[PDB]
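Worksheet: one structure, shown below.
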Protein chains: 4
Amino acid sequence: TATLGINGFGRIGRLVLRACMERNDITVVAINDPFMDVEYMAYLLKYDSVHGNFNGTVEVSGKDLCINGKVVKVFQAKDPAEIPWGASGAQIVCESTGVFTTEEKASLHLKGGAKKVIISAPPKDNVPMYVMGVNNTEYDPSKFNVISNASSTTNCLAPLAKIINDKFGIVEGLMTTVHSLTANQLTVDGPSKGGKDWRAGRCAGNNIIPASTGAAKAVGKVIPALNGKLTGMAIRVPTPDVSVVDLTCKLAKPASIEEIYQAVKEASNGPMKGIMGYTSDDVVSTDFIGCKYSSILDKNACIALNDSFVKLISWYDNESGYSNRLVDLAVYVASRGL
Amino acid sequence: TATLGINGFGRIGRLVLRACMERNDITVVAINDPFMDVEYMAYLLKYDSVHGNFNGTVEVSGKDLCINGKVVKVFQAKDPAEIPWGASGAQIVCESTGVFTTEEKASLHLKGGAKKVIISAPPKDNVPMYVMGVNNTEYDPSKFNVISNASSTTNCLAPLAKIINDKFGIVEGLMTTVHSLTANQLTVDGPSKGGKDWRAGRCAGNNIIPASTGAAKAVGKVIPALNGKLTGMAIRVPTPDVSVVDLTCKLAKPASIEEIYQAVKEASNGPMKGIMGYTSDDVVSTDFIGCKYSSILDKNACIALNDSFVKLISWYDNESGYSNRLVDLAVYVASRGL
Amino acid sequence: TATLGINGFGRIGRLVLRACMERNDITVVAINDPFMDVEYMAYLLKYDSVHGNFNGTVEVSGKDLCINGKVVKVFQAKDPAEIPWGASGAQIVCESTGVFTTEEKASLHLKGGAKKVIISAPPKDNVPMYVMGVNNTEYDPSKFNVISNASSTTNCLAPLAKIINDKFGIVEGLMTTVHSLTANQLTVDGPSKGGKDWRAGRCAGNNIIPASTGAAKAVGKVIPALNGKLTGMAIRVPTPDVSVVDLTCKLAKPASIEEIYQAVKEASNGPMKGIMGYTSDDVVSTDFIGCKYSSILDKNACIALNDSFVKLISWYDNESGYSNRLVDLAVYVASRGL
Amino acid sequence: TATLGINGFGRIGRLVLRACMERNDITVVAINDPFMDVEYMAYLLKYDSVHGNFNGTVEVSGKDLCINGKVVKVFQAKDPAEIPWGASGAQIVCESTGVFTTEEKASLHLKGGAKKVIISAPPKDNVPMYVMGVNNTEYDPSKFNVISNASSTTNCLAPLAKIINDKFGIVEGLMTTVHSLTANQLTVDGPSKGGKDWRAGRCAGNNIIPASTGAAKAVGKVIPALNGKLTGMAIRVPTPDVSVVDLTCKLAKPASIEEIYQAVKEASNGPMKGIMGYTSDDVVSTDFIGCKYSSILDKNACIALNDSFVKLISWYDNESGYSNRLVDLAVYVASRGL
Ligand SMILES: NC(=O)c1ccc[n+]([C@@H]2O[C@H](COP(=O)([O-])OP(=O)(O)OC[C@H]3O[C@@H](n4cnc5c(N)ncnc54)[C@H](O)[C@@H]3O)[C@@H](O)[C@H]2O)c1
Ligand SMILES: NC(=O)c1ccc[n+]([C@@H]2O[C@H](COP(=O)([O-])OP(=O)(O)OC[C@H]3O[C@@H](n4cnc5c(N)ncnc54)[C@H](O)[C@@H]3O)[C@@H](O)[C@H]2O)c1
Ligand SMILES: NC(=O)c1ccc[n+]([C@@H]2O[C@H](COP(=O)([O-])OP(=O)(O)OC[C@H]3O[C@@H](n4cnc5c(N)ncnc54)[C@H](O)[C@@H]3O)[C@@H](O)[C@H]2O)c1
Ligand SMILES: NC(=O)c1ccc[n+]([C@@H]2O[C@H](COP(=O)([O-])OP(=O)(O)OC[C@H]3O[C@@H](n4cnc5c(N)ncnc54)[C@H](O)[C@@H]3O)[C@@H](O)[C@H]2O)c1
Ligand SMILES: O=C[C@H](O)COP(=O)(O)O
Ligand SMILES: O=C[C@H](O)COP(=O)(O)O
Ligand SMILES: O=C[C@H](O)COP(=O)(O)O
Ligand SMILES: O=C[C@H](O)COP(=O)(O)O
Ligand SMILES: [Mg+2]
Ligand SMILES: [Mg+2]
């Protein structure tokens with residue numbers, strides 16, 4: 001049985017834990033977050049403004065947590081090299097702080113006894129990115145101890161892009177993601193951390209906010225065939241969770257929406273089971289809260305100008321979908337030998 | 001001096017009156033809305049959740065309103081034919097109820113003595129649509145008594161699309177508008193009137209909602225050279241006002257974002273003054289509340305995959321910009337001979 | 001097994017159905033809503049913006065619904081007298097349209113063969129109101145075929161007010177409910193139905209809105225001793241569901257927050273089991289989404305100025321709590337003989 | 001004519017500057033904020049998600065700001081003792097960081113050459129609190145160099161409470177402020193600064209949140225006659241600005257709503273001109289955006305159980321009202337002799 005440690009018990013951290021508690025093939029044994037004592041961790045696990053009450057029991061046992069009868073070790077270290085992952089029995093670390101997105105910083109977990117690290121974001125350096133159901137089998141345990149699970153937007157775009165490119169071929173494409181607000185945004189107009197993303201510091205609750213994203217370009221790394229063929233941007237909106245990819249692309253081979261839907265349907269029921277999904281219902285964002293899929297094609301929202309120029313709409317719970325993929329990746333990493 | 005009568009004193013109706021009160025070449029003399037008495041009309045004009053307190057004075061005088069010391073006649077007729085526009089001295093009618101969008105229905109205003117009618121929406125029939133700064137000079141007063149000012153999204157897309165098509169040429173394009181909520185949407189999950197737009201009946205405050213726009217369906221009629229070359233959809237978001245056009249197009253002639261920006265700049269400073277605008281600041285939706293422009297290019301938000309495949313971002317206050325254009329059109333109609 | 005018909009398949013109607021599907025002692029056999037065809041009904045049951053996906057199977061069977069294998073007859077009558085409740089097998093009718101809140105109107109269901117009617121609101125006339133755990137045993141089947149379940153705020157206030165009046169006595173009290181938005185409110189500034197409530201017609205998503213509450217007049221009818229001793233108002237806020245009672249009262253006998261907490265705890269574990277609840281956690285509104293209790297005392301939020309003047313805080317899911325009580329009442333009504 | 005320096009260029013900091021720009025008897029000459037450079041300061045002043053575009057011109061002139069032709073010196077010091085206020089010619093410092101709320105910390109501005117300091121919050125120590133129109137004349141320049149303008153809620157509650165206590169007498173009272181979100185709240189579920197106030201770290205956009213208010217302890221210090229007779233709490237809601245005081249109190253002398261309204265009217269037109277206001281319109285929160293008053297009585301929303309037990313409703317723009325008062329206090333302080 002694979003074991004997990006979580007660094008940064010935030011939106012992704014807590015939902016990764018929730019996903020692990022639902023599974024027999026992986027166990028959470030340790031959590032680290034210096035901005036959060038044990039009682040606070042219990043509170044933030046028990047209660048969730050988006051995903052409801054924790055399904056199970058959460059108690060404080062001295063310095064640690066007792067979750068569903070299992071002991072989970074709790075630490076409050078600011079530096080990753082201070083956390084005793086090995087002694088806690090944690091083989092794999094979910095690096096979900098948002099502040100250690102390089103090999104240099106994320107590899108500090110290995111000093112504490114960790115065997116492997118998964119950065120819950122695209123890296124700032126050349127740490128390899130893997131998307132489950134797309135390129136995860138490319139992972140080489142002899143060459144990497146620190147890997148990345150990319151972004152939730154990449155996890156939404158890449159499986160759809162693979163299906164479309166395999167079947168019809170993408171000549172060129174531009175993506176917008178209409179994305180729910182995140183932790184780096186602010187409740188009222190203020191300065192963004194580092195002063196880099198000025199728009200992201202504007203009142204999150206009443207604004208439509210343009211944003212940059214490398215997600216579409218990152219698909220060019222996950223799927224080398226699409227290097228230089230895809231890019232895009234983000235538009236941030238006041239909703240607390242769930243986002244949607246809007247992909248406008250030109251196809252090398254003509255295809256109708258129905259044919260695109262069928263290609264997605266066959267992948268969803270076959271090689272991309274549990275990763276790619278589809279719907280023909282009149283869905284809205286809240287309908288996907290808690291959805292474990294990486295990408296859900298919205299048939300009725302797709303539009304075609306002609307047989308070669310199309311706009312594809314795909315949903316994703318940026319919190320829940322991604323968290324389940326990270327857990328999938330951890331389980332897969334363990335199966336390849338630690 | 002043109003005189004205006006307003007049918008449907010709603011979001012557009014009330015902001016059209018506000019735009020008139022700012023101008024010396026047009027006067028509002030009559031208002032009809034059967035779902036609000038004079039006291040209620042006074043209240044809804046005085047107070048606005050988006051555009052602030054009315055700039056001036058509003059008083060009830062008997063059965064009518066006194067706005068900035070001027071008498072404005074008030075009626076409560078469900079039937080357009082029953083409104084005495086002529087006896088009230090109203091030459092042009094702003095048809096902004098949302099329920100009389102055909103020549104057959106909108107022409108009923110002519111029975112009461114109105115000379116011309118402007119439908120505040122795209123028509124359900126073949127009523128001619130005009131967009132200020134694009135095709136408005138094509139209006140023939142001897143041919144048409146009922147015209148349309150199209151939609152707010154059309155007024156955003158058409159000026160930009162014309163500029164791009166003229167200098168670079170649009171081979172093919174697809175658009176999305178990330179659009180603020182409107183009066184037809186619902187506060188909680190319920191049935192949409194007529195039971196047609198199921199998604200639009202879902203809780204507006206916490207949902208990202210795919211929708212229709214018919215704006216590129218309208219831009220093709222306003223700019224015949226683009227008919228069949230553009231289509232689009234909408235994504236409805238919880239914000240109370242201000243929307244954004246996201247236009248992804250292939251260009252006939254290669255162009256950089258800088259060159260595109262320069263073309264928009266030249267049009268904004270010349271033939272499309274007051275209609276097309278541009279910015280290089282890190283703006284968000286609230287920054288455009290009250291903005292009178294039809295279309296504002298967001299330079300920093302635009303992205304290009306290559307020299308001939310681009311995603312262009314243009315803002316619009318769907319309430320304020322459109323209302324100002326409708327008043328512009330009414331003044332223009334009056335100048336052509338009533 | 002009691003059988004239920006639902007008139008008005010709205011927020012309350014649908015959640016009443018959901019509450020029944022969770023139960024073995026009551027079954028929904030018929031639904032009536034003229035503004036909603038059977039396909040739309042299926043859609044609105046399947047998907048909920050607050051309470052998630054329907055847990056079960058919903059299919060259209062002719063003009064009727066098939067839910068978890070059972071046929072639920074569907075009608076589209078505007079006139080209650082035209083609904084064949086008897087032929088459908090429906091014993092008790094949930095009157096949840098919001099427009100038939102008198103004995104004269106609600107008794108029309110009896111013409112179609114229904115035995116009993118529960119109005120899902122305070123009546124406009126003298127139809128008796130019952131609150132589970134407070135006065136429901138005063139119901140007399142030989143006297144009344146039409147009854148009321150009061151309001152959600154009444155169901156929150158009444159159990160708490162009873163506990164306080166029994167143990168300590170209420171000299172006088174004033175309350176406010178900070179209340180989530182409802183169906184009667186509007187997405188943008190517009191006219192409310194009729195002359196009623198101008199404030200309620202203001203943009204729901206960005207306003208704090210003073211309002212009225214049914215519990216102001218209902219509480220003194222449910223607990224006659226408090227008639228003239230207790231009244232209040234509402235403050236409407238942008239949240240989609242869950243509300244909170246803010247009760248400020250003078251006690252006839254000295255009591256601390258601890259003593260008040262204990263009295264509530266005793267009632268919650270005794271005669272008001274499943275109805276009155278309590279918490280000592282740092283809860284917020286979303287933590288109560290789906291909560292079945294009528295009233296949950298928030299210990300940490302309560303404040304005492306002195307030993308006889310106190311502010312009590314009590315949560316309630318205005319949709320889920322009330323819907324469960326109406327079903328509780330229906331089961332109780334059937335147990336008394338139809 | 002006073003000169004002002006601003007420490008902490010946040011919501012209050014920037015709106016204090018905006019208030020100053022509207023007046024000719026006070027001038028901002030310096031700003032310190034280590035979390036934003038001069039370009040970022042210019043951006044956050046120019047654009048506001050609540051209060052609109054800045055009325056005037058904002059230019060970056062090398063190191064410093066040029067606002068309406070006036071040079072404003074810009075600093076980036078974390079330590080208040082390192083800011084050269086004297087060299088910049090700043091007489092009075094607006095201490096609006098939220099982190100220097102003691103005499104020991106706030107008096108550090110005097111080291112850099114400032115003459116007086118106004119903390120934009122209730123102090124953690126015994127620094128004297130003043131509310132304009134309530135107790136500001138008790139200020140003596142020969143006694144204090146460091147003072148406090150209390151809080152926004154204190155500035156709403158105190159004038160109202162004074163009027164009622166002077167006219168009728170408050171025996172006992174409890175209040176709640178339904179309060180817009182602030183900078184200390186979070187966009188999604190997370191850990192609050194420090195480690196306490198867990199509820200304030202919950203998703204601000206979709207929650208009703210019990211909270212603390214500065215006015216609970218401050219009101220009894222500003223009006224000593226009400227010490228131990230008045231306290232309360234806050235309820236935080238998703239709106240970006242504007243809050244409302246809900247005051248439930250018992251009176252020593254019988255008084256109707258009309259009599260209370262007339263007493264407020266007298267004060268508003270007399271000793272509390274520009275501080276206390278009143279309305280009989282069906283107002284909602286957005287109607288007070290930019291309102292300069294400290295407290296606006298909502299006549300229609302007030303309720304009386306009997307002639308001596310009453311609930312009073314008073315609005316305030318927590319940003320605009322308070323900011324104008326701090327500027328009023330700075331001007332008053334200057335008039336008394338620096
Ligand atoms: N939609 C999403 O939220 C989403 C989806 C996919 C990936 N991600 C990525 O996952 C990462 C975290 O995202 P999030 O939304 O959960 O942010 P978050 O703010 O909710 O969680 C971050 C947690 O890290 C903790 N932390 C900060 N410094 C730490 C340290 N030095 N050591 C240990 N813990 C520390 C913080 O206390 C916080 O609880 C980011 O890289 C983000 O880009 C986010
Ligand atoms: N962003 C926008 O809101 C926007 C922008 C451009 C165009 N439009 C179009 O303008 C029209 C109105 O839009 P809105 O947002 O102002 O809607 P609205 O609901 O705010 O206003 C419609 C008004 O019409 C009144 N009305 C209904 N029946 C009437 C009748 N029989 N006679 C007179 N008045 C009647 C209603 O009482 C209401 O006040 C629609 O066609 C809409 O598509 C809207
Ligand atoms: N928090 C709440 O939502 C809440 C809580 C307690 C009680 N209530 C009360 O319950 C009632 C319904 O409230 P709601 O929030 O569900 O409103 P709603 O608008 O969501 O539901 C009302 C339903 O009644 C239907 N309807 C209208 N006329 C009808 C008719 N003639 N015949 C059959 N159906 C008709 C409408 O189509 C709609 O689906 C109201 O009386 C309300 O005061 C509401
Ligand atoms: N409704 C309100 O916002 C409101 C109303 C009345 C009073 N207040 C009080 O006013 C103060 C500021 O509140 P705010 O809402 O403007 O918060 P804010 O976060 O918007 O502003 C605080 C500013 O202080 C700056 N800052 C932090 N450390 C600094 C330092 N060491 N030196 C100089 N600047 C520093 C931050 O960068 C930020 O720009 C708080 O004490 C608050 O309680 C707030
Ligand atoms: O957490 C902030 C990230 O920008 C979210 O992006 P993502 O949803 O693409 O991972
Ligand atoms: O609500 C309607 C829009 O403001 C008008 O534009 P659209 O319908 O073309 O998107
Ligand atoms: O929607 C209204 C409430 O849920 C019902 O209770 P109230 O009317 O007594 O506040
Ligand atoms: O807007 C007000 C500030 O957030 C603090 O005020 P308060 O603590 O007195 O409510
Ligand atoms: Mg991303
Ligand atoms: Mg059942």
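In what follows, chains carry the letters A, B, and so on, assigned in the order in which the sequence lines appear, proteins first and then strands, with residues in each chain numbered from 1. Counting convention: from 1, in listed order, for ligands and their atoms alike.
Partners of A:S180 under the side-chain hydrogen bond (donor to acceptor under 3.5 Å, both in side chains) rule, at least two apart in sequence or in another chain, are A:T239. B:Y322 pairs by the side-chain hydrogen bond (donor to acceptor under 3.5 Å, both in side chains) definition with nothing, not counting sequence neighbours.
Remark: A:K105 does not engage A:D125 in a salt bridge, criterion side-chain N to carboxylate O under 4.0 Å.
Near ligand 6, residues B:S151, B:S152, B:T153, B:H179, B:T182, B:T213, B:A215, B:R236, B:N318 come within 4.0 angstrom through at least one heavy atom.
A side chain to side chain contact (heavy atoms under 4.5 Å, CB included) with B:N7 holds for exactly one of B:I119, B:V117, B:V99, B:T97; it is B:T97.
Counting only residues at least two apart or on different chains, no salt bridge (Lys or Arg N to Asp or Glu O under 4.0 Å) pair has a member in residues 227-239 of chain B.
A pairwise comparison of heavy atoms in A:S148 and A:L329 identifies O-CD2, 4.3 Å as the closest pair.
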